[PDB]
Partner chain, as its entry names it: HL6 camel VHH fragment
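Shown next as structure tokens: one chain only, the form deposited without the partner chain.
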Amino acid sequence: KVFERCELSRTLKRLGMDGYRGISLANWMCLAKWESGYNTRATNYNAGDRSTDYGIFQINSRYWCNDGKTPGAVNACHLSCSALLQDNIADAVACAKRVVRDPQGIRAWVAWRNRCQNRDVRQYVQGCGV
């Protein structure tokens, strides 16, 4: 599913992402926007290390979910990577929360550092009623 901007912001807010571990909803929106264009079925294979990024937040299989084909990988979210490709984002959100409980927090995603950190992210939620 490809979420519309405001539709997604309300979905994320209902799922408890607004301010989760000090991360505002606008930051999560900026993250999902730049990671997948709000697309839940997005996948990206990384030929260099044989891992794959899954879903709306493009969570990597090396550390976060199990896809059975990533060498020496772990499954910190204790989910099949398939769970990160559903239209319903509950599992992807649960996993994204797990990612940020680690020291790096939102910085775990390089795209966030590139396109969101120290940026004006207000525009991602303007007019969405969140």
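Residue numbers count along the first chain shown, from 1.
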* Between 54-62 and 71-79, name whichever shows the higher mean Cα B factor according to the PDB entry. => 71-79
* Structure fact -> Quick note on 98-106 and 29-37: per-entry mean CA temperature factor is higher in 98-106
* **residue 8, C-alpha B-factor rank within chain (lowest, middle or highest third)** => lowest
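The following text describes the form deposited with the partner chain bound, which does not appear among the structures shown.
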* Asked: Taking heavy atoms and a 4.5 Å limit, what residues of 59-92 are near the partner chain in the deposited complex?
  -> 76, 77, 78, 79, 90, 91
